[PDB]
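*Asks:* entry-v3.txt is the file, holding compact mmCIF, C-alpha atoms and all ligand atoms:
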```
# COMPACT_ATOMS: atom_id res chain seq x y z
CA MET A 1 -7.51 -1.57 81.92
CA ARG A 2 -11.25 -1.41 81.07
CA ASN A 3 -12.15 -3.02 77.73
CA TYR A 4 -14.93 -2.41 75.22
CA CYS A 5 -17.27 -5.21 74.16
CA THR A 6 -20.03 -5.58 71.54
CA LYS A 7 -23.36 -7.41 71.84
CA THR A 8 -25.00 -8.08 68.45
CA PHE A 9 -28.70 -8.65 67.73
CA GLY A 10 -29.05 -10.93 64.67
CA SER A 11 -28.04 -8.95 61.55
CA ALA A 12 -30.14 -5.98 62.68
CA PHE A 13 -28.03 -3.93 65.10
CA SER A 14 -25.37 -4.06 67.79
CA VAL A 15 -24.61 -2.28 71.06
CA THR A 16 -21.03 -1.47 72.02
CA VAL A 17 -20.26 -1.24 75.74
CA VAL A 18 -17.85 1.71 76.16
CA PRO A 19 -16.22 2.02 79.64
CA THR A 20 -16.04 5.71 80.63
CA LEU A 21 -14.86 7.64 83.71
CA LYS A 22 -14.01 5.27 86.60
CA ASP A 23 -16.89 2.80 86.55
CA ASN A 24 -19.46 4.31 84.13
CA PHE A 25 -20.73 2.75 80.94
CA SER A 26 -21.63 4.74 77.88
CA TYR A 27 -23.00 2.86 74.84
CA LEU A 28 -22.90 3.09 71.07
CA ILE A 29 -25.96 1.73 69.20
CA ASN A 30 -25.23 0.78 65.60
CA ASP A 31 -28.14 0.14 63.19
CA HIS A 32 -26.63 -2.21 60.57
CA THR A 33 -29.55 -1.78 58.16
CA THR A 34 -29.01 1.99 57.66
CA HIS A 35 -25.54 2.58 59.21
CA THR A 36 -27.00 4.96 61.79
CA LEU A 37 -25.25 5.46 65.13
CA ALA A 38 -26.55 6.65 68.49
CA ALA A 39 -24.74 7.14 71.79
CA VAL A 40 -26.22 6.52 75.26
CA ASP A 41 -25.16 8.28 78.51
CA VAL A 42 -22.36 10.47 77.19
CA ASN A 43 -20.32 12.06 79.96
CA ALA A 44 -17.20 14.27 80.11
CA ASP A 45 -15.12 11.23 79.07
CA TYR A 46 -16.69 10.80 75.60
CA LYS A 47 -13.54 10.39 73.50
CA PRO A 48 -13.53 6.57 73.96
CA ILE A 49 -16.81 6.47 71.95
CA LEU A 50 -15.04 8.32 69.11
CA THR A 51 -11.94 6.10 69.43
CA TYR A 52 -14.15 3.05 68.99
CA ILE A 53 -15.79 4.47 65.81
CA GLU A 54 -12.44 5.24 64.24
CA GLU A 55 -10.73 1.85 64.95
CA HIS A 56 -13.81 -0.30 64.36
CA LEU A 57 -16.30 1.41 62.07
CA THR A 66 -20.42 6.36 55.37
CA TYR A 67 -22.21 6.27 58.81
CA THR A 68 -24.71 8.79 60.29
CA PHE A 69 -24.23 9.67 63.97
CA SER A 70 -27.71 11.10 64.54
CA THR A 71 -28.78 10.70 68.17
CA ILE A 72 -27.62 11.04 71.77
CA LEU A 73 -29.84 9.52 74.50
CA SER A 74 -29.53 10.29 78.21
CA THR A 75 -31.15 8.03 80.78
CA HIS A 76 -30.98 10.76 83.43
CA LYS A 77 -29.58 14.21 84.29
CA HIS A 78 -26.62 13.22 86.49
CA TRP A 79 -23.37 14.64 85.10
CA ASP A 80 -21.80 11.19 84.68
CA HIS A 81 -24.55 10.47 82.14
CA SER A 82 -25.20 13.87 80.51
CA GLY A 83 -21.92 15.83 80.95
CA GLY A 84 -20.79 15.19 77.37
CA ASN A 85 -24.05 15.94 75.49
CA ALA A 86 -23.28 19.53 74.47
CA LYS A 87 -19.61 18.76 73.66
CA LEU A 88 -20.23 15.60 71.65
CA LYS A 89 -23.12 17.28 69.81
CA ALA A 90 -20.79 20.19 68.88
CA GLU A 91 -18.15 17.74 67.62
CA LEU A 92 -20.41 16.01 65.57
CA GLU A 93 -22.32 18.85 63.93
CA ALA A 94 -18.87 20.23 62.99
CA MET A 95 -18.01 16.90 61.32
CA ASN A 96 -21.50 16.34 59.84
CA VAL A 99 -26.14 16.11 62.28
CA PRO A 100 -28.87 17.25 62.75
CA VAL A 101 -27.94 15.74 66.13
CA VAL A 102 -30.92 14.87 68.22
CA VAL A 103 -30.50 14.77 72.01
CA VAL A 104 -33.13 12.64 73.77
CA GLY A 105 -33.88 12.92 77.50
CA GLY A 106 -36.66 12.45 80.02
CA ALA A 107 -38.91 15.53 79.99
CA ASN A 108 -38.89 15.88 83.78
CA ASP A 109 -35.09 15.68 84.23
CA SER A 110 -34.25 18.89 82.26
CA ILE A 111 -31.31 17.08 80.68
CA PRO A 112 -28.43 19.26 79.36
CA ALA A 113 -28.73 20.00 75.61
CA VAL A 114 -31.99 17.98 75.19
CA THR A 115 -33.86 18.60 71.91
CA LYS A 116 -36.32 15.66 72.21
CA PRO A 117 -37.93 15.58 75.71
CA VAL A 118 -39.63 12.18 76.19
CA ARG A 119 -42.30 10.57 78.39
CA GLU A 120 -43.66 7.04 78.82
CA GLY A 121 -44.75 5.44 75.53
CA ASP A 122 -42.83 7.90 73.33
CA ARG A 123 -40.73 6.37 70.56
CA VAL A 124 -37.87 7.79 68.52
CA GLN A 125 -36.14 6.22 65.54
CA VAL A 126 -32.44 5.56 65.29
CA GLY A 127 -32.20 4.62 61.62
CA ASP A 128 -34.74 1.81 61.28
CA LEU A 129 -34.54 0.93 65.00
CA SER A 130 -37.27 1.89 67.40
CA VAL A 131 -36.42 3.37 70.78
CA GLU A 132 -39.31 3.09 73.20
CA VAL A 133 -39.32 5.20 76.38
CA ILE A 134 -40.27 3.85 79.83
CA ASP A 135 -40.71 6.32 82.73
CA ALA A 136 -38.77 5.18 85.80
CA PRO A 137 -38.62 8.06 88.30
CA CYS A 138 -36.74 7.26 91.53
CA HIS A 139 -32.97 7.69 91.23
CA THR A 140 -33.87 11.02 89.60
CA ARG A 141 -37.40 12.37 89.23
CA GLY A 142 -37.11 12.23 85.43
CA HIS A 143 -35.08 9.03 84.86
CA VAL A 144 -36.22 6.96 81.88
CA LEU A 145 -35.24 3.56 80.40
CA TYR A 146 -34.70 3.06 76.66
CA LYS A 147 -36.03 -0.12 75.03
CA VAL A 148 -34.38 -0.57 71.62
CA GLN A 149 -35.20 -3.07 68.92
CA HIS A 150 -35.67 -3.57 65.21
CA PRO A 151 -39.43 -3.46 64.31
CA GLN A 152 -38.79 -5.74 61.30
CA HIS A 153 -36.62 -8.16 63.30
CA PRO A 154 -38.33 -8.29 66.72
CA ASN A 155 -37.05 -11.80 67.58
CA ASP A 156 -33.38 -10.72 67.15
CA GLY A 157 -33.83 -9.18 70.57
CA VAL A 158 -34.04 -6.02 72.60
CA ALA A 159 -31.45 -3.71 74.21
CA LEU A 160 -32.68 -2.17 77.46
CA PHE A 161 -30.73 0.85 78.70
CA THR A 162 -31.51 1.14 82.40
CA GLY A 163 -29.10 3.91 83.53
CA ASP A 164 -28.92 4.06 87.30
CA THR A 165 -32.34 2.50 87.88
CA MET A 166 -31.28 -1.10 87.57
CA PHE A 167 -27.83 -2.68 87.49
CA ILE A 168 -26.90 -6.32 87.19
CA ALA A 169 -28.45 -7.77 90.39
CA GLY A 170 -28.95 -4.22 91.66
CA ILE A 171 -30.75 -0.87 91.74
CA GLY A 172 -29.70 2.77 92.04
CA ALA A 173 -29.86 4.92 95.15
CA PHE A 174 -33.25 6.61 95.64
CA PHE A 175 -31.92 10.19 95.41
CA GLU A 176 -35.17 11.73 94.24
CA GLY A 177 -37.79 9.16 95.17
CA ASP A 178 -38.60 6.14 97.33
CA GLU A 179 -39.17 2.39 97.51
CA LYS A 180 -42.65 2.70 95.94
CA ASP A 181 -41.07 4.39 92.94
CA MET A 182 -38.54 1.58 92.67
CA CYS A 183 -41.20 -1.14 93.02
CA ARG A 184 -43.05 0.49 90.12
CA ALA A 185 -39.89 0.58 88.01
CA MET A 186 -39.18 -3.09 88.74
CA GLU A 187 -42.74 -4.04 87.78
CA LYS A 188 -42.37 -2.19 84.44
CA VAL A 189 -39.09 -3.96 83.68
CA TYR A 190 -40.38 -7.38 84.82
CA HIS A 191 -43.46 -7.20 82.54
CA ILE A 192 -41.91 -5.61 79.41
CA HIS A 193 -42.66 -8.79 77.45
CA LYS A 194 -45.95 -9.80 79.04
CA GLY A 195 -47.51 -9.32 75.57
CA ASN A 196 -45.40 -12.14 74.11
CA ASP A 197 -45.65 -14.43 77.17
CA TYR A 198 -42.08 -13.35 78.10
CA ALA A 199 -40.61 -15.17 75.04
CA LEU A 200 -38.28 -12.21 74.42
CA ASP A 201 -36.94 -12.14 78.01
CA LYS A 202 -34.08 -14.44 76.94
CA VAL A 203 -33.01 -12.06 74.14
CA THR A 204 -33.49 -8.80 76.07
CA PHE A 205 -30.14 -7.49 77.27
CA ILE A 206 -29.62 -5.11 80.17
CA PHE A 207 -27.13 -2.19 79.66
CA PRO A 208 -26.90 -0.30 82.95
CA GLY A 209 -25.07 2.87 84.04
CA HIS A 210 -22.18 1.44 86.08
CA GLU A 211 -19.91 -1.52 86.76
CA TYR A 212 -21.51 -2.32 90.15
CA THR A 213 -22.12 -6.01 89.34
CA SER A 214 -19.54 -7.48 91.80
CA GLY A 215 -21.02 -5.86 94.89
CA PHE A 216 -24.62 -6.62 93.96
CA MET A 217 -23.90 -10.26 93.07
CA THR A 218 -22.25 -10.76 96.48
CA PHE A 219 -25.44 -9.27 97.96
CA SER A 220 -27.67 -11.71 95.94
CA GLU A 221 -25.52 -14.71 96.99
CA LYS A 222 -25.73 -13.77 100.72
CA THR A 223 -29.38 -12.75 100.73
CA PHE A 224 -31.12 -15.31 98.52
CA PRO A 225 -33.71 -16.83 100.92
CA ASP A 226 -34.00 -20.36 99.53
CA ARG A 227 -30.87 -22.46 99.84
CA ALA A 228 -32.63 -25.52 98.31
CA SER A 229 -33.18 -23.77 94.94
CA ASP A 230 -30.75 -24.01 92.01
CA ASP A 231 -31.11 -20.20 91.76
CA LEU A 232 -28.48 -20.08 94.51
CA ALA A 233 -26.08 -22.28 92.45
CA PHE A 234 -26.92 -20.03 89.47
CA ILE A 235 -26.12 -16.80 91.36
CA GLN A 236 -22.79 -18.35 92.49
CA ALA A 237 -21.82 -19.38 88.94
CA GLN A 238 -22.88 -15.99 87.54
CA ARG A 239 -20.92 -14.15 90.21
CA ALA A 240 -17.73 -16.04 89.34
CA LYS A 241 -18.38 -15.42 85.62
CA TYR A 242 -18.81 -11.68 86.06
CA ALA A 243 -15.73 -11.54 88.35
CA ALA A 244 -13.63 -13.32 85.72
CA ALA A 245 -14.84 -10.84 83.06
CA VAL A 246 -13.93 -7.90 85.32
CA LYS A 247 -10.55 -9.51 86.07
CA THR A 248 -9.49 -9.37 82.38
CA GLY A 249 -10.88 -5.83 81.99
CA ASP A 250 -14.07 -7.00 80.28
CA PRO A 251 -17.41 -5.46 81.19
CA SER A 252 -19.66 -7.64 83.32
CA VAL A 253 -22.53 -6.33 81.14
CA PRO A 254 -24.94 -7.19 79.53
CA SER A 255 -27.01 -9.80 81.35
CA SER A 256 -30.36 -10.94 79.87
CA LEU A 257 -33.71 -10.08 81.47
CA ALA A 258 -34.23 -13.89 81.88
CA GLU A 259 -31.05 -13.92 83.98
CA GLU A 260 -31.97 -10.83 86.02
CA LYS A 261 -35.27 -12.51 86.91
CA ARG A 262 -33.21 -15.09 88.74
CA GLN A 263 -30.23 -13.14 90.11
CA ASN A 264 -31.71 -9.70 90.82
CA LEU A 265 -33.53 -9.76 94.13
CA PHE A 266 -34.83 -6.19 93.66
CA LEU A 267 -36.36 -7.05 90.28
CA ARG A 268 -37.90 -10.17 91.86
CA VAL A 269 -39.97 -7.92 94.18
CA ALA A 270 -42.27 -7.82 91.10
CA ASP A 271 -42.95 -11.56 91.60
CA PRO A 272 -45.67 -12.03 94.27
CA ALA A 273 -44.36 -15.55 95.02
CA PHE A 274 -40.91 -14.20 95.73
CA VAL A 275 -42.39 -11.47 97.98
CA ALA A 276 -44.18 -14.22 99.94
CA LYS A 277 -41.00 -16.35 100.13
CA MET A 278 -38.84 -13.50 101.51
CA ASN A 279 -41.39 -13.05 104.34
CA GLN A 280 -40.36 -9.45 105.00
CA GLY A 281 -43.84 -7.95 104.62
CA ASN A 282 -45.46 -6.71 101.42
CA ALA A 283 -43.54 -5.64 98.26
CA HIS A 284 -42.90 -2.11 99.58
CA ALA A 285 -41.64 -3.49 102.93
CA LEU A 286 -39.49 -5.98 101.05
CA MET A 287 -37.96 -3.33 98.81
CA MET A 288 -37.16 -1.31 101.97
CA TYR A 289 -35.62 -4.40 103.58
CA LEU A 290 -33.43 -5.11 100.53
CA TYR A 291 -32.44 -1.46 100.11
CA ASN A 292 -31.33 -1.15 103.79
CA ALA A 293 -29.68 -4.03 103.62
ZN ZN B 1 -27.16 8.72 88.57
ZN ZN B 2 -24.41 7.27 87.43
```
Taking this structure as input, can you express it in the form of C-alpha cells?
Ligand SMILES: [Zn+2]
Ligand SMILES: [Zn+2]
*Replies:*
Amino acid sequence: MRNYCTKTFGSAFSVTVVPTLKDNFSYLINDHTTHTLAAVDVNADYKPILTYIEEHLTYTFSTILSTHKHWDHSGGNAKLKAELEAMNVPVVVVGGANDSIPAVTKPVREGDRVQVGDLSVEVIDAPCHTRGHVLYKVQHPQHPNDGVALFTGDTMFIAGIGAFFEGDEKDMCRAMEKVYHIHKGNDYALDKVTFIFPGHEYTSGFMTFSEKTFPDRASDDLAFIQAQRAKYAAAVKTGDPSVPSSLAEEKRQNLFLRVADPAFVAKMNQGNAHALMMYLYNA
C-alpha cells in the first residue's frame, strides 16, 4: 500500500522516494543533465528501486550512497552493485569512513564531495545514531537555486531525530546545528528549496510529539504544526510518503532541530541546549 513519489528540482535533477521494507525509505537520484542515476540507503528490499527504473525511466546507474551502516540502509549494497555491474558500472559505493559500511569503495568524511553526473554530493559528518553516520547534501552546481536534496538517514526525520545508539545528546545538538546552518552562507535563502529525505516513515509520531510539546500556544507555529500533521496523515492515508518536508518547514515543526536556535532554547526553559535535547529525547 506504500506509494512512490518524485520531487523535482527545476530541470536539473529529481529524487524519487522509494518505500522499502516496512517503514524505510530508499531514494533514487536522477541527474537530468547527464542521465546519471544514484541510489541512497539500499537495503535487502532493493527491487522496488529497479521496478521504478523499468516502469518510469540510455541511463548510467553509477553510485550507491549509504547514510549509515545499519542493515536497513546498507543490506542491499553488495547485491545491487552485483546486479548492476552484470547489466553495465563501475559502481561506486559511498559511505561514512567511520561506519565501515558494507561494500564501500568511497569512504567519506566532512567536506568531501562526490559527483553523480553533474550533481555535487557534499558530505556532512553527523555521528550519533551510529558513530559514522553522515548526511548527503545534493545539488546542481550550475543550478544552485533549483534547490538542494538533503539525505538525513536516521539522524533527522520529519519533526524528529534518531535514537542515540552510538552517541549522546551533545552529538545530536552538533548535528542539528550543522543542519540548521547549512545555508548560513546565503542568508538561509535556500532553506525554502532544501528538501529533507530521511530514513523512515516516522512523521506521524513525531508530529504528534511537536503538537503536544510546542511551548508557545500564542504562536502560529502551533497552528502550522497542526495543519502539517493533518497533511502528512492524509498523505500516509492514501499510501503516499509524508516526505519530503523543506528545511524552512523543519525549522518550524521540528523541536529537536530548533535546539539550534538560542531563542527557542530560552523559550523552552528546560536548561541549556544539551539539557533541552535531553528533555526532548526523554520525552
Ligand atoms: Zn539506523
Ligand atoms: Zn533505519
*Asks:* Counting all atoms listed in the file, which residue out of A:74, A:263, A:30, A:223 sits closest to ligand ZN 2 (chain B)?
*Replies:* A:74
*Asks:* Please identify every residue of chain A that has at least one atom no farther than 12 Å from an atom of ligand ZN 2 (chain B), counting only C-alpha atoms and all ligand atoms, and for each give the shortest atom pair and the distance in Å to one decimal, arranged by chain then increasing number, as JSON lines.
*Replies:*
```
{"residue": "A:20", "atom": "CA", "partner": "B:ZN2", "partner_atom": "ZN", "distance": 10.9}
{"residue": "A:21", "atom": "CA", "partner": "B:ZN2", "partner_atom": "ZN", "distance": 10.3}
{"residue": "A:22", "atom": "CA", "partner": "B:ZN2", "partner_atom": "ZN", "distance": 10.6}
{"residue": "A:23", "atom": "CA", "partner": "B:ZN2", "partner_atom": "ZN", "distance": 8.8}
{"residue": "A:24", "atom": "CA", "partner": "B:ZN2", "partner_atom": "ZN", "distance": 6.6}
{"residue": "A:25", "atom": "CA", "partner": "B:ZN2", "partner_atom": "ZN", "distance": 8.7}
{"residue": "A:26", "atom": "CA", "partner": "B:ZN2", "partner_atom": "ZN", "distance": 10.3}
{"residue": "A:41", "atom": "CA", "partner": "B:ZN2", "partner_atom": "ZN", "distance": 9.0}
{"residue": "A:42", "atom": "CA", "partner": "B:ZN2", "partner_atom": "ZN", "distance": 10.9}
{"residue": "A:43", "atom": "CA", "partner": "B:ZN2", "partner_atom": "ZN", "distance": 9.8}
{"residue": "A:74", "atom": "CA", "partner": "B:ZN2", "partner_atom": "ZN", "distance": 11.0}
{"residue": "A:75", "atom": "CA", "partner": "B:ZN2", "partner_atom": "ZN", "distance": 9.5}
{"residue": "A:76", "atom": "CA", "partner": "B:ZN2", "partner_atom": "ZN", "distance": 8.4}
{"residue": "A:77", "atom": "CA", "partner": "B:ZN2", "partner_atom": "ZN", "distance": 9.2}
{"residue": "A:78", "atom": "CA", "partner": "B:ZN2", "partner_atom": "ZN", "distance": 6.4}
{"residue": "A:79", "atom": "CA", "partner": "B:ZN2", "partner_atom": "ZN", "distance": 7.8}
{"residue": "A:80", "atom": "CA", "partner": "B:ZN2", "partner_atom": "ZN", "distance": 5.5}
{"residue": "A:81", "atom": "CA", "partner": "B:ZN2", "partner_atom": "ZN", "distance": 6.2}
{"residue": "A:82", "atom": "CA", "partner": "B:ZN2", "partner_atom": "ZN", "distance": 9.6}
{"residue": "A:83", "atom": "CA", "partner": "B:ZN2", "partner_atom": "ZN", "distance": 11.0}
{"residue": "A:139", "atom": "CA", "partner": "B:ZN2", "partner_atom": "ZN", "distance": 9.4}
{"residue": "A:140", "atom": "CA", "partner": "B:ZN2", "partner_atom": "ZN", "distance": 10.4}
{"residue": "A:143", "atom": "CA", "partner": "B:ZN2", "partner_atom": "ZN", "distance": 11.1}
{"residue": "A:162", "atom": "CA", "partner": "B:ZN2", "partner_atom": "ZN", "distance": 10.6}
{"residue": "A:163", "atom": "CA", "partner": "B:ZN2", "partner_atom": "ZN", "distance": 7.0}
{"residue": "A:164", "atom": "CA", "partner": "B:ZN2", "partner_atom": "ZN", "distance": 5.5}
{"residue": "A:165", "atom": "CA", "partner": "B:ZN2", "partner_atom": "ZN", "distance": 9.3}
{"residue": "A:166", "atom": "CA", "partner": "B:ZN2", "partner_atom": "ZN", "distance": 10.8}
{"residue": "A:167", "atom": "CA", "partner": "B:ZN2", "partner_atom": "ZN", "distance": 10.5}
{"residue": "A:171", "atom": "CA", "partner": "B:ZN2", "partner_atom": "ZN", "distance": 11.2}
{"residue": "A:172", "atom": "CA", "partner": "B:ZN2", "partner_atom": "ZN", "distance": 8.3}
{"residue": "A:173", "atom": "CA", "partner": "B:ZN2", "partner_atom": "ZN", "distance": 9.7}
{"residue": "A:175", "atom": "CA", "partner": "B:ZN2", "partner_atom": "ZN", "distance": 11.3}
{"residue": "A:208", "atom": "CA", "partner": "B:ZN2", "partner_atom": "ZN", "distance": 9.1}
{"residue": "A:209", "atom": "CA", "partner": "B:ZN2", "partner_atom": "ZN", "distance": 5.6}
{"residue": "A:210", "atom": "CA", "partner": "B:ZN2", "partner_atom": "ZN", "distance": 6.4}
{"residue": "A:211", "atom": "CA", "partner": "B:ZN2", "partner_atom": "ZN", "distance": 9.9}
{"residue": "A:212", "atom": "CA", "partner": "B:ZN2", "partner_atom": "ZN", "distance": 10.4}
```
*Asks:* Save out the residues we just selected, C-alpha atoms, as a short mmCIF file (atom, residue, chain, number, x, y, z; two decimals), in the frame of the given file.
*Replies:*
```
data_model
loop_
_atom_site.label_atom_id
_atom_site.label_comp_id
_atom_site.auth_asym_id
_atom_site.auth_seq_id
_atom_site.Cartn_x
_atom_site.Cartn_y
_atom_site.Cartn_z
CA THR A 20 -16.04 5.71 80.63
CA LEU A 21 -14.86 7.64 83.71
CA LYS A 22 -14.01 5.27 86.60
CA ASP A 23 -16.89 2.80 86.55
CA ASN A 24 -19.46 4.31 84.13
CA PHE A 25 -20.73 2.75 80.94
CA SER A 26 -21.63 4.74 77.88
CA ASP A 41 -25.16 8.28 78.51
CA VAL A 42 -22.36 10.47 77.19
CA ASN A 43 -20.32 12.06 79.96
CA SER A 74 -29.53 10.29 78.21
CA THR A 75 -31.15 8.03 80.78
CA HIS A 76 -30.98 10.76 83.43
CA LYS A 77 -29.58 14.21 84.29
CA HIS A 78 -26.62 13.22 86.49
CA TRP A 79 -23.37 14.64 85.10
CA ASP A 80 -21.80 11.19 84.68
CA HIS A 81 -24.55 10.47 82.14
CA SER A 82 -25.20 13.87 80.51
CA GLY A 83 -21.92 15.83 80.95
CA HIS A 139 -32.97 7.69 91.23
CA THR A 140 -33.87 11.02 89.60
CA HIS A 143 -35.08 9.03 84.86
CA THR A 162 -31.51 1.14 82.40
CA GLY A 163 -29.10 3.91 83.53
CA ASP A 164 -28.92 4.06 87.30
CA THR A 165 -32.34 2.50 87.88
CA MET A 166 -31.28 -1.10 87.57
CA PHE A 167 -27.83 -2.68 87.49
CA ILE A 171 -30.75 -0.87 91.74
CA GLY A 172 -29.70 2.77 92.04
CA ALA A 173 -29.86 4.92 95.15
CA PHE A 175 -31.92 10.19 95.41
CA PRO A 208 -26.90 -0.30 82.95
CA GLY A 209 -25.07 2.87 84.04
CA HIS A 210 -22.18 1.44 86.08
CA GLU A 211 -19.91 -1.52 86.76
CA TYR A 212 -21.51 -2.32 90.15
#
```
*Asks:* Counting all atoms listed in the file, which residue out of A:55, A:156, A:45, A:181 sits closest to residue 10 of chain A?
*Replies:*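 Closest to residue 10 of chain A of all the choices is A:156.
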*Asks:* Please determine, counting all atoms listed in the file, which residue among A:170, A:272, A:127, A:121 has the shortest atom-to-atom distance to residue 36 of chain A.
*Replies:*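 Looking at the shortest contact to residue 36 of chain A, the residue is A:127.
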*Asks:* Rounded to one decimal in Å, what is the spacing between atom CA of residue 52 of chain A and atom CA of residue 109 of chain A?
*Replies:* 28.8 Å
*Asks:* Quick one: residues within 12 Å of segment 148-155 of chain A, only C-alpha atoms counted, chain neighbours fewer than 5 positions away excluded, as an MDAnalysis selection string?
*Replies:* chainID A and resid 8:15 29:34 38 40 73 123:134 160:162 192:193 196 198:207
*Asks:* My list of candidates is A:19, A:137, A:215, A:281. Which is closest to ligand ZN 1 (chain B) when distances are computed with all atoms listed in the file?
*Replies:*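 Nearest to ligand ZN 1 (chain B): A:137.
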*Asks:* Residues within 12 Å of segment 229-240 of chain A, please, as number ranges by chain. Count all atoms listed in the file; anything in the same chain fewer than 2 positions from it doesn't count.
*Replies:* A: 168-169, 212-227, 242-247, 252-253, 255-256, 259-265, 277
*Asks:* From the list A:116, A:141, A:56, A:89, which residue is nearest ligand ZN 1 (chain B) when using all atoms listed in the file?
*Replies:*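 The shortest atom-to-atom distance to ligand ZN 1 (chain B) comes from A:141.
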*Asks:* Looking at A:278, A:146, A:271, A:138, which one is nearest to ligand ZN 1 (chain B), with distances taken over only C-alpha atoms and all ligand atoms?
*Replies:*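 Of A:278, A:146, A:271, A:138, the one nearest ligand ZN 1 (chain B) is A:138, counting only C-alpha atoms and all ligand atoms.
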